[PDB]
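In what follows, every chain begins at residue 1, and chains take the letters A, B, ... in the order their sequences are listed.
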Amino acid sequence: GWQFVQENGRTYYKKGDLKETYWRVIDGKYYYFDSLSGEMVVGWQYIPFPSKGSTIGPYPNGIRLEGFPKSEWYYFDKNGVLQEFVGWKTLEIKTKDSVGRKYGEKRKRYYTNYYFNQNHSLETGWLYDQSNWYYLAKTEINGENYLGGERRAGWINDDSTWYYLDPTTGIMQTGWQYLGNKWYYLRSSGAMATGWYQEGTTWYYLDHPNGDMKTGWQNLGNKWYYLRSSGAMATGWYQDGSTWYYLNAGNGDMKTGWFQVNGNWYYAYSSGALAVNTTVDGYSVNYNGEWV
Amino acid sequence: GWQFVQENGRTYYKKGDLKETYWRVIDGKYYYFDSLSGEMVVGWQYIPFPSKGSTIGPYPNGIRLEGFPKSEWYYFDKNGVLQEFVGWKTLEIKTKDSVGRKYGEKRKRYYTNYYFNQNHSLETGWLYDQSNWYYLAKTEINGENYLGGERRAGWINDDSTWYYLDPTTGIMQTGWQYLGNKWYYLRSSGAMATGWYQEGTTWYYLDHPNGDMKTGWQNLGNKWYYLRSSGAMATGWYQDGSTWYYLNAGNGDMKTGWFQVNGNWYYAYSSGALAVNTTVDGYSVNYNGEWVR
Ligand SMILES: C[N+](C)(C)CCO
Ligand SMILES: C[N+](C)(C)CCO
Ligand SMILES: C[N+](C)(C)CCO
Ligand SMILES: C[N+](C)(C)CCO
Ligand SMILES: C[N+](C)(C)CCO
Ligand SMILES: C[N+](C)(C)CCO
Ligand SMILES: C[N+](C)(C)CCO
Ligand SMILES: C[N+](C)(C)CCO
Ligand SMILES: C[N+](C)(C)CCO
Ligand SMILES: C[N+](C)(C)CCO
Ligand SMILES: C[N+](C)(C)CCO
Ligand SMILES: C[N+](C)(C)CCO
Ligand SMILES: C[N+](C)(C)CCO
Ligand SMILES: C[N+](C)(C)CCO
C-alpha cells in the first residue's frame with residue numbers, strides 16, 4: 001500500500017521502495033514530490049503544472065509524450081497541501097529561504113500581494129480585475145531573485161513603455177499625474193506619453209524620453225516654443241520682461257524676421273525679440289514695432 | 001565694398017544691401033553670420049561646418065551646392081572671431097544662455113572640460129589622449145539640453161556596455177574596482193563584465209546586468225554555486241557548519257542525488273546536504289557519506 005513515509009527528516013510517498021515524484025492527489029488534496037528525490041515540497045514552489053502522463057498520473061505503459069509542462073508558481077502549506085487559492089492573497093515574500101523548500105528542511109518575515117488564477121497558480125504581467133489594470137511581476141529566477149506575481153507599485157517599464165501603478169492600491173493610473181514635483185500624462189491605455197500632446201485646443205510638450213511636462217522656452221525641432229507655467233503652449237504676442245515675442249497663431253513656433261499680424265508688419269531679431277522704436281533694413285518701426 | 005555694419009547693437013557684414021550669411025574669412029579670420037538674418041554669432045554655436053560652395057565661399061555664379069553640411073560645435077570669441085582651439089580647453093558650460101547667441105544680444109560662470117579636434121570643433125564620444133581613454137558627451141540638443149563634448153565622469157553607458165571614468169580626471173578605469181560598496185570587474189577594454197569571469201583558475205560571478213560581484217549561494221543557469229566571501233567560486237567539498245556539500249570539481253555546480261568522488265559514492269538530499277550514517281533509497285551510507293556496498 002501507498003503511504004507517507006518519514007525518512008531522514010523528509011517526507012516521501014512510497015509503496016515498497018517505489019517513490020512518487022511530481023504531483024499526486026492524496027485523500028482529495030494535491031501534493032508534490034521532487035522530480036529527482038521524491039522529497040515532499042512545502043511553501044512557494046516554481047514547478048511544472050500537472051499534466052497527465054508526465055507530471056501527474058496515470059502513467060499508462062507504452063507510448064511516450066514529447067515535450068514537458070511549463071512551470072508556474074504554486075503555494076503549498078507547511079504540511080505539503082497545495083493551497084487552492086483563487087483571489088488576491090497576502091502571503092510571505094519569495095526569497096531563497098521561502099522558495100523550493102522540502103518538508104523537514106531547516107528554515108523578520110515580510111508580505112505582499114499576489115493574485116491566483118482559477119488553476120491556483122500566480123498570475124504574472126498585466127491583470128484586469130474589478131474594472132482596473134494591475135501589474136504583477138514577471139518571473140525572474142536568477143541569483144538571489146525569485147520574482148513573479150508580486151503586485152507592483154510605482155513606475156514600470158513594459159516593452160519600453162512606461163506605466164505608473166498607484167503604490168497603495170496597485171491600480172494602473174491614467175490621466176495627468178503629479179509625481180516628484182512634475183507632471184506626466186498617461187494615455188487612456190496607461191501608457192506614458194512623450195512629445196506633443198493636445199487636450200481640447202491646448203498643446204502640451206512632454207519630455208522625450210522622460211515624459212515630464214515642460215514649461216518655459218523649449219527648442220523643439222529647431223523652433224522655439226513658449227510653454228506657460230501651467231504647461232500650456234502660448235500663441236500670439238507674448239511679453240517676456242519688456243521684450244515682446246510672437247508665437248505663430250496656430251502652431252506656436254516663435255517667428256523671426258519680417259512677419260505680419262492683423263495687416264501690420266513687424267520685425268523680430270534672431271533672438272525672436274520684436275524690434276521697436278528704431279530702423280531695420282531702412283524701414284522705421286514704432287513703439288509697437290509697427291512698420292511706419 | 002564689403003564691410004562690417006552695426007545696427008540695433010548687431011553686427012552684419014554687408015556690401016550695400018547684400019548681407020553675408022554662414023561662414024566668411026575676413027582678413028584671414030573666420031566669422032559666421034546667421035543663415036536668415038546675417039547677425040554675426042558669438043560664443044558656443046552648433047552650426048554647419050565650412051563646406052566650400054555650400055556654407056563658405058566661393059560660390060561660382062552665386063550657386064549653392066545641394067544638401068547641407070553636418071553641424072559641429074564651435075567657439076567664437078565675443079567679437080565674432082572663431083577661436084581656432086585644438087586639444088583640451090576649459091570653457092563655460094553650454095546652456096540656453098550661452099549657446100547660439102548673436103553679437104549684441106544681452107545674456108558666477110560654470111566651466112568644464114572640452115576637447116577640440118584639428119578643425120577646431122568639439123570631439124564627442126571616445127577619445128584616446130595622453131595614453132588614456134576619455135568619454136566626451138554625445139551631441140544632444142533638444143528642449144533645454146545643449147549637450148556635446150563635455151568630458152564625462154563616473155558610470156557611462158555606451159552602446160549597451162557600461163564603462164567607468166574617474167570622477168576627478170575623467171580617465172577610463174580598468175580592472176577590479178570597488179565602487180559604492182561593491183566590486184566590479186572592468187575588462188582591459190574598460191567594458192564592465194557581467195556573468196562568469198575567470199581570472200587565472202578562479203571563477204567569479206558578476207551580476208547581469210548591473211555588474212556587481214556576487215558572493216554566497218547563487219542559483220545560476222538552473223544550478224547552485226557557492227561563491228566565497230572574496231567572490232571566488234568554491235569547488236570540491238564545502239562545509240557549512242555541520243553540513244557538507246559537493247561542488248563539481250571543475251564546473252563548481254552543487255550535486256544532488258547520487259554522485260561519485262575518488263571512487264566512492266555519495267548521496268546529497270535536494271538541498272545539497274550530504275547524507276551520512278543512514279539509509280538512502282535502501283542503500284547504507286557511512287559517517288563520511290560513502291556508500292557501504
Ligand atoms: C492596458 N494596457 C496597455 C496596460 C495593457 C496592454 O496590453
Ligand atoms: C517616469 N519616468 C521614469 C519616465 C520618468 C520619471 O521620472
Ligand atoms: C497640465 N497641468 C495638469 C499642469 C495643468 C492643467 O491640466
Ligand atoms: C508643433 N505643434 C505640434 C506644437 C503644433 C502643431 O500643430
Ligand atoms: C515688410 N517689409 C517692409 C520688408 C516689406 C513689406 O512688404
Ligand atoms: C529663448 N529665446 C531667446 C529664443 C527667447 C527668450 O529668451
Ligand atoms: C507689441 N504689440 C503692439 C504687438 C503689443 C502691444 O501691446
Ligand atoms: C574604451 N574603448 C574605445 C577602448 C572601448 C570602446 O569604444
Ligand atoms: C551603473 N552600473 C550599472 C554598473 C551600476 C550603477 O549603479
Ligand atoms: C579583486 N578580487 C576580485 C581579487 C577580490 C574582490 O573582492
Ligand atoms: C559554471 N562555471 C562557469 C564556473 C564553470 C565553467 O567551466
Ligand atoms: C549508486 N547507487 C547504486 C548507490 C545508486 C543507484 O541507484
Ligand atoms: C545549497 N543551498 C543554497 C540550497 C543551501 C543554502 O543554505
Ligand atoms: C570527507 N568528506 C569531505 C567526504 C565528508 C566527511 O564527512
Side-chain angles (χ1 to χ4, degrees), chain A residues 219 222-224 253-259 265-276 278-285 289 291, chain B residues 1-85 91 94 97-107 116-122 141 146:
Chain A
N219 195 302
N222 300 323
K223 314 288 203 177
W224 279 105
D253 59 294
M254 184 193 73
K255 278 271 152 202
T256 73
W258 286 104
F259 62 102
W265 279 96
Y266 308 83
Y267 182 79
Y269 306 113
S270 291
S271 65
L274 177 74
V276 299
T278 186
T279 321
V280 179
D281 270 335
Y283 303 95
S284 66
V285 287
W291 165 35
Chain B
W2 287 98
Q3 161 207 342
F4 285 104
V5 167
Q6 196 170 305
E7 106 169 328
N8 297 300
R10 314 293 198 285
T11 297
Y12 310 84
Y13 193 69
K14 318 217 331 188
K15 182 181 175 196
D17 286 0
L18 296 183
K19 278 199 277 210
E20 189 51 281
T21 56
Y22 299 106
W23 290 95
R24 194 183 178 122
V25 177
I26 300 156
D27 300 323
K29 304 182 190 200
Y30 282 67
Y31 298 79
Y32 178 104
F33 305 91
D34 181 79
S35 61
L36 299 177
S37 68
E39 297 171 36
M40 193 181 65
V41 304
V42 298
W44 288 114
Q45 295 289 328
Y46 186 75
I47 49 178
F49 76 88
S51 183
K52 194 170 84 51
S54 295
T55 56
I56 195 174
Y59 305 98
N61 312 127
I63 293 154
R64 283 25 190 197
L65 296 146
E66 266 190 25
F68 201 60
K70 186 161 56 185
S71 278
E72 302 289 347
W73 288 101
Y74 296 96
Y75 191 81
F76 296 80
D77 188 23
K78 299 169 165 149
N79 58 6
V81 178
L82 174 76
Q83 296 300 287
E84 283 169 41
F85 297 145
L91 299 160
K94 291 182 293 142
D97 198 39
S98 70
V99 171
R101 305 319 286 272
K102 311 294 184 302
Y103 184 99
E105 281 173 4
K106 289 301 127 50
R107 288 181 53 151
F116 285 83
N117 56 53
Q118 48 284 2
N119 302 297
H120 324 297
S121 52
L122 295 185
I141 329 94
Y146 292 89

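With sequence neighbours excluded, no residue forms a side chain to side chain donor-acceptor pair (under 3.5 Å) with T256(A). Under the rule for a salt bridge (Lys or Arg N to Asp or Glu O under 4.0 Å), the partners of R24(B) that lie at least two apart in sequence or sit in another chain are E20(B). Taking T278(A) as the reference, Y269(A), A275(A), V280(A), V285(A), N8(B) meet the side chain to side chain contact (heavy atoms under 4.5 Å, CB included) condition, with sequence neighbours excluded. When the salt bridge (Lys or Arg N to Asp or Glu O under 4.0 Å) test is applied to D77(B), no partner is found at least two apart in sequence or on another chain. For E72(B), there are no salt bridge (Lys or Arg N to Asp or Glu O under 4.0 Å) partners, not counting sequence neighbours.
In this structure, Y32(B) and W23(B) have perpendicular ring planes: the angle between them is above 60°, well past the 30° mark. Under the 30°/60° scheme for interplanar angles, the aromatic rings of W2(B) and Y13(B) are found to lie parallel.
When atom types are taken as modelled, the side chain of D281(A) and the backbone of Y283(A) share no donor-acceptor pair closer than 3.5 angstrom. For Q83(B) (side chain) and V81(B) (main-chain N/O), a donor-acceptor pair under 3.5 Å exists by modelled atom type. Within the 3.5 Å criterion, the main-chain N or O of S270(A) finds a donor-acceptor partner in the side chain of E39(B). Here the side chain of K102(B) pairs a donor or acceptor atom with the backbone of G100(B) at under 3.5 angstrom.
Applying the 6.0 Å contact sphere to CZ of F49(B) captures more than 12 heavy atoms from other residues, nucleotides or ligands. Around atom OH of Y12(B), more than 12 heavy atoms belonging to other residues, nucleotides or ligands sit under 6.0 Å away.
Across all their heavy atoms, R10(B) and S271(A) have their closest contact at NH2-OG, 3.8 Å. Residue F116(B) comes nearest to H120(B) through the heavy atom pair CD2-O, 3.4 Å, listed as atom of the first residue, atom of the second, then distance. The two residues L82(B) and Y75(B) have their closest heavy-atom pair at CD1-O, 3.6 Å. Across every non-hydrogen atom of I47(B) and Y74(B), the tightest pair is CG1-CD1, 3.7 Å. Listed here is the closest heavy atom pair of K78(B) and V42(B): O-CG1, 3.6 Å. Pairing each heavy atom of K19(B) with each of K14(B), the nearest pair is CG-CD, 3.4 Å.
Two residues are said to be in side-chain contact when any heavy atoms from C-beta on lie closer than 4.5 Å; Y22(B) and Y31(B) fail this criterion. Contact check for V5(B) versus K15(B): no side-chain heavy atoms found under the 4.5 Å cut-off.
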Apply ring pair (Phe, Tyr, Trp, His ring centres under 6.0 Å) to the pair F76(B) and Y103(B), showing each step before the final yes or no. CA-CA 10 Å; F76(B) 296 80; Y103(B) 184 99; over 10 Å; no
Given the rule in the side chain to side chain contact (heavy atoms under 4.5 Å, CB included) test, do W224(A) and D253(A) qualify, once you have shown the distances and angles that lead to the verdict? CA-CA 6 Å; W224(A) 279 105; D253(A) 59 294; over 6 Å; no
Working for side chain to side chain contact (heavy atoms under 4.5 Å, CB included), residues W44(B) and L122(B): CA-CA 10 Å; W44(B) 288 114; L122(B) 295 185; 3.6 Å; yes
Chi angles and distances behind the side chain to side chain contact (heavy atoms under 4.5 Å, CB included) call for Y267(A), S37(B): CA-CA 11 Å; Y267(A) 182 79; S37(B) 68; 4.2 Å; yes
Working for side chain to side chain contact (heavy atoms under 4.5 Å, CB included), residues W265(A) and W258(A): CA-CA 7 Å; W265(A) 279 96; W258(A) 286 104; 3.9 Å; yes
Tell me which donor-acceptor pairs under 3.5 Å the side chains of residues 58-70 of chain B have, and how far apart each pair is, sequence neighbours excluded?
{"unit_1": "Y59(B)", "atom_1": "OH", "unit_2": "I56(B)", "atom_2": "N", "d": "3.0"}
{"unit_1": "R64(B)", "atom_1": "NH1", "unit_2": "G62(B)", "atom_2": "O", "d": "2.9"}

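With rounding to the nearest 0.5 angstrom, the CG atom of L36(B) is 9.0 Å from the OG1 atom of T21(B). Within the model, atoms CE of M40(B) and CZ of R101(B) stand 14.0 Å from one another, a figure rounded to the nearest 0.5 Å.
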